[PDB]
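Asks: Residue numbers (the entry's author numbering), protein chains in the order written: chain A, 1362 to 1458; chain B, 1605 to 1701; chain C, 1508 to 1653; chain D, 1994 to 2041; chain E, 1994 to 2041; chain F, 925 to 1264; chain G, 1071 to 1118; chain H, 1459 to 1507. Beta carbons: idealized from backbone N, C-alpha and C, even for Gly. Handing you this structure, nothing more for now.
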Amino acid sequence: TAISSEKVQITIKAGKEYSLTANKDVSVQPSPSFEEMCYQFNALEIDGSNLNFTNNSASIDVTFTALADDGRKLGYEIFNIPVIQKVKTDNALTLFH
Amino acid sequence: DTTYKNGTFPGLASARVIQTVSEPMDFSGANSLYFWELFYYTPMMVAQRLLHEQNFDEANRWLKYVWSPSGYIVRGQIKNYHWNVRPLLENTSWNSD
Amino acid sequence: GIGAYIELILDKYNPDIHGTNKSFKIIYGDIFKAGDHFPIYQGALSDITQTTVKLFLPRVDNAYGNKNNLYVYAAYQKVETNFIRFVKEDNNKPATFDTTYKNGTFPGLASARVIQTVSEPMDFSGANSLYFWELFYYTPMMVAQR
Amino acid sequence: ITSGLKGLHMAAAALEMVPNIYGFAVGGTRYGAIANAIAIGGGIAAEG
Amino acid sequence: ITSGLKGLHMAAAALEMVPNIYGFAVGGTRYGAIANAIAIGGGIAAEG
Amino acid sequence: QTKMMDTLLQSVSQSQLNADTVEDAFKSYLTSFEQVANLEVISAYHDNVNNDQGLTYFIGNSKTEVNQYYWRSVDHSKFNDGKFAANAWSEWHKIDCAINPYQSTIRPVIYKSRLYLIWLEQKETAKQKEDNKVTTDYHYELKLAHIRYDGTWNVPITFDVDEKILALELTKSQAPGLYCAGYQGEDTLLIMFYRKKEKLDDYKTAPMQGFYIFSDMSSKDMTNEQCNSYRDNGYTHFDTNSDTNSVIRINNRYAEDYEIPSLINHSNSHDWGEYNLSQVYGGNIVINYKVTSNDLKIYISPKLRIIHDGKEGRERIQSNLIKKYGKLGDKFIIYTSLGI
Amino acid sequence: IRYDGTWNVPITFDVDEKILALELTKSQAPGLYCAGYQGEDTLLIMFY
Amino acid sequence: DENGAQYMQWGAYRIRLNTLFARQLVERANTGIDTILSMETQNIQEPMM
């Protein structure tokens, strides 16, 4: 049942994987309890380049995961963040009576 | 209050959450009767009235908004919970006497 | 508004030229910017020269290429390449072909046509189409059933 | 004969927008003739 | 279609509060448009 | 089915049917068709930030006096091959609240995913100028009304804007331009007034009148150093001097160079671990983005949460047993094959 | 008129300029001339 | 409160009197009844007193 802070990690997919680990990014370790183990992370920069835009839209997936110390996994929780971009070359739509 | 424990912990164990702003809504507060009449009494009354008029599958899909025995599927994913009303998961006496 | 109705009958499906697929896309290009537009018509090929598509064709009165105001090519699976074009006068007199002896080559193209049409027959696919269906079909059916 | 008679009410409501007191006192027009006509039309449709 | 049409009456009642006679004679507004609209709403609810 | 066919069917819903009764019912249906076939579009509003996606709402005019304004919707996602398929459109719907614009100055707007109609309205007054005479004045007021869930319209909200319209330098019989857009981060209904010019690039220099509308329908006026950003971002959506055969445009929702949501709480997918003993669930990300050129600086703070609950059956109750007596970090032997 | 036989709400036009342009005494209506026109469909009207 | 809450300071007690549930219900109520009666709708949060 032991849970290392080293094997609680994040990858985020915005062009590349920016693999993050809780051991250096948790400010204060939560207390060992079966009920809730809340890990608060720090300010995490995401570089806006390397985002391809199809239909002027991009998406950034975050993968929460956790690994027990024996090697089994506690389960994952994948999220999804859309990024939508405004172009300038298109004018507004006119009505032509 | 930080010296090394101004406050002793004779029966106390720890201190926690810094970061929460909003709280989940209460089914025990002032507006709680309207929440009950929205979430529980409305599908029950619709389902009873549809049952007495021999219209069956519509009564079944109205009962499934409350208690699905087969589990709920939201956007492809089967959810964990088995009851659809939240104070049924967590018993909350909202009438003392 | 101002523009033309033109029709481009297309050549027969030779897979020597048309590639493996009978699917094609006619395209629009060269307006509003120097980039590429997208499908003013999409259809399919046949062994008979069956593709004959009467298309309205929109025009800003001041095109950026003033030498010849409007350009269309035809793309498909194998070859999708850049051709030369048409030209409309600024007059109400409608458009001809951009005339040297074929600026625009006709690799799968056959001919260019109608100058003289002003109005078009109404559409049962447009915005008001539901009201046209409820007028012409659903009303005599419902009267006759009743 | 109910006729869409709300058009006939809206005739009066549109006809009563203009100010009628002239001279020094200017104005005096009703402003709510429109919504009152829409109200009596909403009643007359239910009766029909 | 009875729609809570008392809202549509109260639109007119709220819209008719302002004084319309301007110039020297100031005022001229109805004051009882509100209670009259509440009255016609109380009637229309019973009819519904 | 429209209500046109409904009142036709109701017109023919009886037993004794003569042909001429059917004829008169058909003439009534024909008049009701005539009424909505002549509809004219005053103005419109686009939903999404860019033209390729989202919806679009139109506002209809009739060729009658005091108008029964209509609205319909259309999607841009069902567009393909140079033409909307006919299911991408919607039916016209009737608007019930009494609306009387000036010079047909009215735009719809989608604030907090609810349709709002906003328009300008003009009342004539008369001040006393009296050395001799009585002068005539106009004052302008602003209205705002929104739809309810069932389809009825609320009583409109009054705002006095004669100060700001008097601030703009306007001749008579010319309505000021109106600009109105939604705004997702910092949810606040934008509104800007402007004199109509002939050129779009003239509006980069035109001073602006406008304010903000919060969730409480309270106003806050624009400071011009704040309005400079909005004017520099959205100068292309303004309108020219609109005579007949002149240029009137549509409005998108407002955003600058990138549009990013602030917080996520709902999961997109999650999963049980091995042996269905525990799972990672209930996480959330707050997002702070900074906008600068040739990049984007997104700053997130994901808050992970690990719980310990079993799947229903033997797993939840073995999770409860291993929750009670043992502490976190111990080793346990659990038994899968439990039969009678 | 409409198709079924009902009448529309009338359209307003202000013509005090042109009637004031004609030199008219009181209690005498100006003549009115009004005709259709097929080519170039346009409702003719002349005061005199 | 600034953020939209209201409460009565009953000595040391703060007790909530209204809620912003109808504000944030509008987004959920857009697409149909199924979304309205979800567990997800039931977990909409209310700001700090």
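Measuring alpha carbon to alpha carbon, tell me which of H:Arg1486, H:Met1507 and H:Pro1505 ends up nearest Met1497 (chain H).
Replies: Taking the first residue of the eighth sequence as 1, we reach residue 1497 (chain H) at position 39. Of the listed residues, the one whose Cα sits closest to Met1497 (chain H) is H:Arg1486.
Asks: Buried or exposed: which applies to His1194 (chain F), given that a residue is buried once 16 or more other Cβ atoms fall within 10 Å of its Cβ?
Replies: For the purposes of this step, residue 1194 (chain F) is identified with residue 270 of the sixth sequence, where counting begins at 1. So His1194 (chain F) counts as buried.
Asks: Quick check on DSSP: helix, strand or coil for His1000 (chain F)?
Replies: If you number the sixth sequence from 1, residue 1000 (chain F) lands on position 76. If DSSP states are grouped into helix, strand and coil, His1000 (chain F) belongs with coil.
Asks: Just verifying my parser: in three-state terms, what is the DSSP assignment at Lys1385 (chain A)?
Replies: Taking the first sequence and counting its residues from 1, one reaches residue 1385 (chain A) at position 24. Here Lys1385 (chain A) sits in helix by DSSP.
Asks: As a quick exercise: from F:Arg1031, F:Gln1242 and F:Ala1009, pick the residue whose alpha carbon is nearest that of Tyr981 (chain F).
Replies: By 1-based counting over the sixth sequence, the position of residue 981 (chain F) is 57. The residue with the shortest Cα to Cα distance from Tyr981 (chain F) is F:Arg1031.
Asks: Would you kindly report the start and end of the unbroken alpha helix (DSSP H) that includes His2002 (chain E)?
Replies: In the fifth sequence, residue 2002 (chain E) corresponds to position 9, counting from 1. Segment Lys1999 to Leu2008, the alpha helix (DSSP H) holding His2002 (chain E).
Asks: Between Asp1005 (chain F) and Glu1627 (chain C), what straight-line distance do the alpha-carbon atoms span, to the nearest angstrom?
Replies: Residue numbering aside, residue 1005 (chain F) sits at position 81 when the sixth sequence is read from its first letter. Residue numbering aside, residue 1627 (chain C) sits at position 120 when the third sequence is read from its first letter. Looking at the two C-alpha atoms, the distance is approximately 19 Å.
Asks: Keeping to the same chain, check which residues put their C-beta closer than 8 Å to that of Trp1196 (chain F); ignore five residues upstream and five downstream.
Replies: If you number the sixth sequence from 1, residue 1196 (chain F) lands on position 272. Answer for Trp1196 (chain F): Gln1203 and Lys1235, listed in chain order.
Asks: If you compare alpha carbons, which of B:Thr1606, B:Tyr1644 and B:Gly1680 is closest to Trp1666 (chain B)?
Replies: Against the second sequence, residue 1666 (chain B) aligns to sequence position 62. Of B:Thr1606, B:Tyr1644 and B:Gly1680, the residue nearest in Cα terms is B:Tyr1644.
Asks: Return the residue from the list F:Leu1092, F:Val946 and F:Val1033 that minimises the CA-CA distance to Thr1646 (chain C).
Replies: Counted from its first residue, the third sequence places residue 1646 (chain C) at position 139. Out of F:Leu1092, F:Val946 and F:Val1033, F:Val946 has the C-alpha closest to the C-alpha of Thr1646 (chain C).
Asks: In three-state terms, what does DSSP make of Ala1511 (chain C)?
Replies: Counted from its first residue, the third sequence places residue 1511 (chain C) at position 4. In this structure, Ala1511 (chain C) counts as strand in the three-state DSSP scheme.
Asks: From the DSSP secondary-structure annotation, give me the bridge partner or partners of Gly984 (chain F).
Replies: In the sixth sequence, counting from the first residue as 1, residue 984 (chain F) sits at position 60. Looking at the DSSP assignment, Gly984 (chain F) forms a beta bridge with F:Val965 and F:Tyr994.
Asks: Mapping the DSSP letters down to three states, classify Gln1242 (chain F) as helix, strand or coil.
Replies: Locating residue 1242 (chain F) in the sixth sequence gives position 318, where the first residue counts as 1. Helix.
Asks: Leaving aside the five residues before and after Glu1460 (chain H) along the sequence, list all residues of the same chain whose C-beta is less than 7 Å from its C-beta, in chain order.
Replies: Residue mapping note: residue 1460 (chain H) aligns to position 2 of the eighth sequence, counting from 1. Listed in chain order, the non-local C-beta contacts of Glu1460 (chain H) below 7 Å within the same chain number zero, local neighbours out to five positions each way being set aside.
Asks: So what's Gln1549 (chain C) in DSSP terms, helix, strand or just coil?
Replies: Indexing the third sequence from 1 puts residue 1549 (chain C) at position 42. Of the three classes helix, strand and coil, the one that applies to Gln1549 (chain C) here is strand, per DSSP.
Asks: Taking 8 Å as the threshold (C-beta atoms), are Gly1134 (chain F) and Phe1117 (chain F) in contact?
Replies: Residue 1117 (chain F) sits at position 193 when you count from the first residue of the sixth sequence. Residue 1134 (chain F) sits at position 210 when you count from the first residue of the sixth sequence. Contact: yes.
Asks: Using DSSP with H/G/I as helix, E/B as strand and the rest coil, what is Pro1628 (chain B)?
Replies: In the second sequence, counting from the first residue as 1, residue 1628 (chain B) sits at position 24. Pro1628 (chain B) falls in the strand class under three-state DSSP.
Asks: Within the continuous alpha helix (DSSP H) that includes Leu1637 (chain B), where are the two ends?
Replies: Against the second sequence, residue 1637 (chain B) aligns to sequence position 33. Start and end: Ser1636 to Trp1640.
Asks: Output, in chain order, the set of chain A residues within a Cβ distance shorter than 8 Å of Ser1618 (chain B).
Replies: For this step, residue 1618 (chain B) is matched to residue 14 along the second sequence. Here the neighbours are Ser1392.
Asks: To the nearest angstrom, how far is it from the Cα of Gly1997 (chain E) to the Cα of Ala1617 (chain B)?
Replies: In the fifth sequence, counting from the first residue as 1, residue 1997 (chain E) sits at position 4. In the second sequence, counting from the first residue as 1, residue 1617 (chain B) sits at position 13. In a straight line, the C-alpha of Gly1997 (chain E) is about 58 Å away from that of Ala1617 (chain B).
Asks: In whole angstroms, what is the alpha-carbon distance linking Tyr1676 (chain B) and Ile1364 (chain A)?
Replies: For the purposes of this step, residue 1676 (chain B) is taken as the residue at position 72 of the second sequence. For the purposes of this step, residue 1364 (chain A) is taken as the residue at position 3 of the first sequence. For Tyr1676 (chain B) and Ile1364 (chain A), the distance between alpha carbons rounds to 31 Å.
Asks: Tell me, please, whether the CB atom of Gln1108 (chain F) is closer than 8 Å to any CB atom in chain A?
Replies: As a first step, residue 1108 (chain F) must be located in the sixth sequence, where it is residue number 184. For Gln1108 (chain F), the answer is no, since every Cβ of chain A falls outside 8 Å of its Cβ.
Asks: How do the segment 1097-1105 of chain F and the segment 1158-1175 of chain F stand: do at least 3 beta-carbon pairs fall below 8 Å, yes or no?
Replies: Short answer: they touch.
Asks: Within 10 angstroms of its Cβ, does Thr1612 (chain B) collect 16 or more other Cβ (buried), or is it exposed?
Replies: Here residue 1612 (chain B) refers to the residue found at position 8 of the second sequence. By the neighbour-count rule (16 or more Cβ atoms within 10 Å), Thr1612 (chain B) is not buried but exposed.
Asks: Which word fits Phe1639 (chain B), buried or exposed, when buried means at least 16 other C-beta atoms lie within 10 angstroms of its C-beta?
Replies: Taking the first residue of the second sequence as 1, we reach residue 1639 (chain B) at position 35. The residue is buried, with at least 16 neighbouring Cβ atoms inside 10 Å.
Asks: Could you check what DSSP says for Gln1503 (chain H) in three-state terms: helix, strand or coil?
Replies: Residue numbering aside, residue 1503 (chain H) sits at position 45 when the eighth sequence is read from its first letter. Three-state DSSP puts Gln1503 (chain H) in a strand.
Asks: Give every residue of the same chain whose Cβ lies closer than 6 Å to the Cβ of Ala1619 (chain C), excluding the five residues on either side of it in the sequence, and list them in chain order.
Replies: Within the third sequence, residue 1619 (chain C) is the residue found at index 112, counting from 1. Once the five neighbours on either side are set aside, the close Cβ partners of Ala1619 (chain C) are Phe1604.
Asks: Judging by CA-CA distance, which residue of A:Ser1388, A:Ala1429 and A:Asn1452 is the nearest neighbour of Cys1399 (chain A)?
Replies: Here residue 1399 (chain A) is taken as the residue at index 38 of the first sequence, counted from 1. It is A:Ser1388 whose Cα lies nearest to the Cα of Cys1399 (chain A).
Asks: Measure the beta-carbon distance from residue 874 (chain F) to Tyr1182 (chain F) and round it to whole angstroms, keeping in mind my assumption that it falls under 8 Å.
Replies: Residue 874 (chain F) falls outside the range modelled here, since chain F spans only 925 to 1264, and no answer is possible.
Asks: Unbroken alpha helix (DSSP H) runs of length 4 or more, entirely within the segment 1123-1181 of chain F: which are they?
Replies: 1148-1157
Asks: Taking C-beta pairs closer than 8 Å, name the residues in chain A that residue 869 (chain F) reaches, listed in chain order.
Replies: Limits of chain F in this structure are 925 at one end and 1264 at the other, which puts residue 869 (chain F) out of reach.
Asks: Quick check on DSSP: helix, strand or coil for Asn1598 (chain C)?
Replies: For this step, residue 1598 (chain C) is matched to residue 91 along the third sequence. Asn1598 (chain C): coil per DSSP, three-state reduction.
Asks: For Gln1401 (chain A), I'd like the list of residues in its chain whose CB is within less than 7 Å of its CB, leaving aside the five on either flank, ordered along the chain.
Replies: In the first sequence, residue 1401 (chain A) corresponds to position 40, counting from 1. Taken in chain order, the residues that qualify are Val1387 and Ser1388.
Asks: Measure the Cβ-Cβ separation of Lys1002 (chain F) and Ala1009 (chain F) and say whether it is below 8 Å.
Replies: The count along the sixth sequence starts at 1 and reaches residue 1002 (chain F) at position 78. The count along the sixth sequence starts at 1 and reaches residue 1009 (chain F) at position 85. Going by C-beta atoms, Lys1002 (chain F) is nearer than 8 Å to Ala1009 (chain F).
Asks: Decide if the segment 1056-1066 of chain F is in contact with the segment 1080-1090 of chain F; the criterion is three or more beta carbon pairs, one per stretch, under 8 Å apart.
Replies: yes
Asks: Please list the partners that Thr1076 (chain G) has in chain D, where partner means a Cβ-to-Cβ separation under 8 Å.
Replies: As a first step, residue 1076 (chain G) must be located in the seventh sequence, where it is residue number 6. The CB of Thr1076 (chain G) comes closer than 8 Å to the CB of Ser1996, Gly1997 and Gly2000 in chain D, given here in chain order.
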